[PDB]
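Have a look at query.pdb; it's PDB, C-alpha atoms:
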ATOM      1  CA  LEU A   1      -9.089   4.000  -9.693
ATOM      2  CA  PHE A   2     -10.576   0.632  -8.725
ATOM      3  CA  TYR A   3     -14.111   1.909  -9.337
ATOM      4  CA  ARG A   4     -13.039   3.136 -12.777
ATOM      5  CA  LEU A   5     -11.413  -0.222 -13.545
ATOM      6  CA  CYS A   6     -14.655  -1.938 -12.522
ATOM      7  CA  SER A   7     -16.223  -0.534 -15.705
ATOM      8  CA  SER A   8     -14.376  -3.346 -17.525
ATOM      9  CA  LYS A   9     -15.847  -6.822 -17.091
ATOM     10  CA  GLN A  10     -12.536  -8.704 -17.128
ATOM     11  CA  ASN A  11     -10.810  -6.224 -14.818
ATOM     12  CA  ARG A  12     -13.796  -6.197 -12.457
ATOM     13  CA  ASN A  13     -13.865  -9.996 -12.223
ATOM     14  CA  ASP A  14     -10.105 -10.310 -11.720
ATOM     15  CA  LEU A  15     -10.019  -7.539  -9.110
ATOM     16  CA  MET A  16     -12.901  -9.035  -7.125
ATOM     17  CA  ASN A  17     -11.291 -12.479  -7.281
ATOM     18  CA  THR A  18      -7.989 -11.090  -5.991
ATOM     19  CA  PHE A  19      -9.772  -9.206  -3.198
ATOM     20  CA  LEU A  20     -11.603 -12.337  -2.066
ATOM     21  CA  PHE A  21      -8.445 -14.453  -2.283
ATOM     22  CA  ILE A  22      -6.508 -11.959  -0.148
ATOM     23  CA  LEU A  23      -9.256 -11.751   2.466
ATOM     24  CA  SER A  24      -9.639 -15.544   2.505
ATOM     25  CA  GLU A  25      -6.081 -16.911   2.690
ATOM     26  CA  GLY A  26      -4.247 -13.646   3.382
ATOM     27  CA  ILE A  27      -5.613 -12.354   6.699
ATOM     28  CA  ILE A  28      -4.873 -15.397   8.845
ATOM     29  CA  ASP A  29      -1.389 -14.907  10.290
ATOM     30  CA  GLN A  30       1.884 -13.151   9.525
ATOM     31  CA  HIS A  31       3.266 -16.188   7.686
ATOM     32  CA  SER A  32       0.072 -16.518   5.640
ATOM     33  CA  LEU A  33       0.237 -12.794   4.871
ATOM     34  CA  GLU A  34       3.814 -13.203   3.632
ATOM     35  CA  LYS A  35       2.826 -16.197   1.497
ATOM     36  CA  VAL A  36      -0.071 -14.339  -0.128
ATOM     37  CA  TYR A  37       2.143 -11.290  -0.673
ATOM     38  CA  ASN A  38       4.726 -13.433  -2.466
ATOM     39  CA  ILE A  39       1.997 -15.061  -4.563
ATOM     40  CA  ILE A  40       0.615 -11.653  -5.552
ATOM     41  CA  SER A  41       4.075 -10.295  -6.376
ATOM     42  CA  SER A  42       4.819 -13.304  -8.583
ATOM     43  CA  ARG A  43       1.437 -12.909 -10.287
ATOM     44  CA  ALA A  44       2.269  -9.264 -10.974
ATOM     45  CA  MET A  45       5.644 -10.259 -12.425
ATOM     46  CA  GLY A  46       3.918 -12.644 -14.844
ATOM     47  CA  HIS A  47       4.033 -16.157 -13.378
ATOM     48  CA  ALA A  48       2.098 -17.906 -10.628
ATOM     49  CA  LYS A  49       4.646 -18.807  -7.933
ATOM     50  CA  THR A  50       8.235 -18.702  -9.256
ATOM     51  CA  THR A  51      10.670 -17.370  -6.655
ATOM     52  CA  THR A  52       9.292 -17.133  -3.107
ATOM     53  CA  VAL A  53      11.821 -14.656  -1.661
ATOM     54  CA  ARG A  54      10.184 -11.292  -0.911
ATOM     55  CA  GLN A  55      10.473  -9.843   2.588
ATOM     56  CA  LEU A  56       7.322  -8.099   3.764
ATOM     57  CA  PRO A  57       7.498  -4.415   4.764
ATOM     58  CA  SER A  58       8.246  -3.935   8.447
ATOM     59  CA  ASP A  59       5.119  -1.854   9.101
ATOM     60  CA  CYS A  60       2.895  -4.233   7.103
ATOM     61  CA  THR A  61       0.807  -6.499   9.341
ATOM     62  CA  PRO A  62      -2.385  -8.509   8.781
ATOM     63  CA  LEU A  63      -4.336  -5.773  10.576
ATOM     64  CA  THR A  64      -3.395  -3.007   8.131
ATOM     65  CA  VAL A  65      -3.719  -5.181   5.021
ATOM     66  CA  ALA A  66      -7.150  -6.370   6.152
ATOM     67  CA  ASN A  67      -8.236  -2.806   6.925
ATOM     68  CA  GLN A  68      -7.174  -1.469   3.526
ATOM     69  CA  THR A  69      -8.657  -4.416   1.626
ATOM     70  CA  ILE A  70     -11.998  -4.231   3.434
ATOM     71  CA  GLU A  71     -12.136  -0.449   3.017
ATOM     72  CA  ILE A  72     -11.566  -0.702  -0.736
ATOM     73  CA  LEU A  73     -14.083  -3.536  -1.087
ATOM     74  CA  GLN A  74     -16.755  -1.666   0.885
ATOM     75  CA  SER A  75     -16.199   1.491  -1.161
ATOM     76  CA  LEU A  76     -16.501  -0.512  -4.385
ATOM     77  CA  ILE A  77     -19.696  -2.218  -3.205
ATOM     78  CA  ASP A  78     -21.273   1.082  -2.153
ATOM     79  CA  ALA A  79     -20.300   2.834  -5.394
ATOM     80  CA  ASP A  80     -20.800   0.088  -7.976
ATOM     81  CA  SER A  81     -24.159  -1.664  -8.310
ATOM     82  CA  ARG A  82     -23.271  -4.879 -10.180
ATOM     83  CA  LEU A  83     -20.595  -6.077  -7.731
ATOM     84  CA  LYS A  84     -23.045  -7.232  -5.055
ATOM     85  CA  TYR A  85     -24.742  -9.361  -7.719
ATOM     86  CA  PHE A  86     -21.390 -10.999  -8.459
ATOM     87  CA  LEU A  87     -20.925 -11.653  -4.739
ATOM     88  CA  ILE A  88     -24.411 -13.155  -4.411
ATOM     89  CA  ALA A  89     -24.099 -15.386  -7.485
ATOM     90  CA  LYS A  90     -18.364 -26.611  -0.791
ATOM     91  CA  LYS A  91     -20.203 -23.392   0.054
ATOM     92  CA  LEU A  92     -17.016 -21.470  -0.794
ATOM     93  CA  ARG A  93     -18.186 -21.521  -4.423
ATOM     94  CA  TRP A  94     -20.521 -18.672  -3.509
ATOM     95  CA  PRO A  95     -18.220 -15.624  -3.180
ATOM     96  CA  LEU A  96     -20.218 -14.143  -0.297
ATOM     97  CA  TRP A  97     -19.339 -17.032   2.016
ATOM     98  CA  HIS A  98     -15.697 -15.946   1.898
ATOM     99  CA  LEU A  99     -16.668 -12.803   3.803
ATOM    100  CA  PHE A 100     -18.587 -15.033   6.212
ATOM    101  CA  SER A 101     -15.345 -16.837   7.046
ATOM    102  CA  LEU A 102     -14.005 -13.540   8.398
ATOM    103  CA  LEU A 103     -16.450 -13.754  11.314
ATOM    104  CA  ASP A 104     -14.494 -16.790  12.586
ATOM    105  CA  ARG A 105     -11.156 -14.934  12.850
ATOM    106  CA  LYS A 106     -10.069 -13.122  16.007
ATOM    107  CA  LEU A 107      -8.161 -10.485  14.025
ATOM    108  CA  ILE A 108     -11.403  -9.342  12.383
ATOM    109  CA  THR A 109     -13.854  -9.773  15.266
ATOM    110  CA  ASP A 110     -11.579  -7.774  17.602
ATOM    111  CA  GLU A 111     -11.636  -4.593  15.470
ATOM    112  CA  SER A 112     -14.530  -2.135  15.514
ATOM    113  CA  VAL A 113     -13.614  -0.563  12.161
ATOM    114  CA  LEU A 114     -13.209  -3.870  10.327
ATOM    115  CA  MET A 115     -16.453  -5.133  11.850
ATOM    116  CA  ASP A 116     -18.277  -1.966  10.781
ATOM    117  CA  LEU A 117     -17.047  -2.160   7.184
ATOM    118  CA  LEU A 118     -17.705  -5.902   6.891
ATOM    119  CA  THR A 119     -21.188  -5.420   8.349
ATOM    120  CA  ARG A 120     -21.895  -2.669   5.814
ATOM    121  CA  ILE A 121     -20.836  -4.966   2.968
ATOM    122  CA  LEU A 122     -22.924  -7.834   4.337
TER     123      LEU A 122
END
With the file now loaded, output its structure as structure tokens.
Amino acid sequence: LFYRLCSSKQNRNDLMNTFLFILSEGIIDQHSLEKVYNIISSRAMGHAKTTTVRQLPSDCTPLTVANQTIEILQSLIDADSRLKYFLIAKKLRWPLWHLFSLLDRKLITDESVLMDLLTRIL
């Protein structure tokens, strides 16, 4: 579904931006994960922040969210051909550097699967 949506320029840009935002300020800690989840839920509802009361699922942890996000992003990069160009195109302005930040987080560096997928993307 995400690959199909990528055929649209606006949808592709928005989806990539949301992916990078999640991976940047989402996979830090449980509280940060909850904050980003509330932000995303409010965005889906129609506004930016609004109410900030949304309990996270019990089984949802930064590990699983990071795994799913990185898996989807790697699949998109492998399938689509114009996404890597978007990634390539203060250093946080360049989208690619966001992925670089992940190398400084214990949650990511401690997982073989996450490391493999991130290394494939890079």
Can you list every residue of range 73-122 of chain A that has an atom at most 12 Å from range 18-42 of chain A, with its nearest atom pair and the distance in Å to one decimal, using only C-alpha atoms, ordered by chain then number, as a tab-separated table?
residue	atom	partner	partner_atom	distance
A:73	CA	A:19	CA	7.4
A:74	CA	A:19	CA	11.1
A:76	CA	A:19	CA	11.1
A:86	CA	A:20	CA	11.8
A:87	CA	A:20	CA	9.7
A:92	CA	A:24	CA	10.0
A:93	CA	A:20	CA	11.5
A:94	CA	A:20	CA	11.0
A:95	CA	A:20	CA	7.5
A:96	CA	A:20	CA	9.0
A:97	CA	A:24	CA	9.8
A:98	CA	A:24	CA	6.1
A:99	CA	A:23	CA	7.6
A:100	CA	A:24	CA	9.7
A:101	CA	A:24	CA	7.4
A:102	CA	A:24	CA	7.6
A:103	CA	A:24	CA	11.3
A:104	CA	A:28	CA	10.4
A:105	CA	A:28	CA	7.5
A:106	CA	A:28	CA	9.1
A:107	CA	A:28	CA	7.9
A:108	CA	A:27	CA	8.7
A:114	CA	A:23	CA	11.8
A:118	CA	A:23	CA	11.2
>> For a quick check of understanding, using all atoms listed in the file, which of A:71, A:116, A:80, A:111 has the smallest distance to residue 7 in chain A?
In response: A:80
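Our summary of the geometry notes that CA of residue 1 in chain A is positioned 23.0 Å from CA of residue 63 in chain A.
For the atom pair formed by CA of residue 57 in chain A and CA of residue 5 in chain A, the distance is 26.7 Å, given to one decimal.
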> By how many Å are CA of residue 2 in chain A and CA of residue 120 in chain A apart?
Replying inline: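 For CA of residue 2 in chain A relative to CA of residue 120 in chain A, the distance reads 18.7 Å.
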Padding 5 Å on every side, please: axis-aligned box over the listed atoms of range 18-23 of chain A, centre and edge lengths to one decimal in Å, as AutoDock Vina command-line options.
--center_x -9.1 --center_y -11.8 --center_z -1.8 --size_x 15.1 --size_y 15.2 --size_z 18.5
>> Translate the PyMOL selection byres ((chain A and resi 82) around 12) into a concrete residue list for this structure, as an NGL selection string.
In response: :A and (3 or 6-9 or 12-13 or 16 or 76-81 or 83-89)
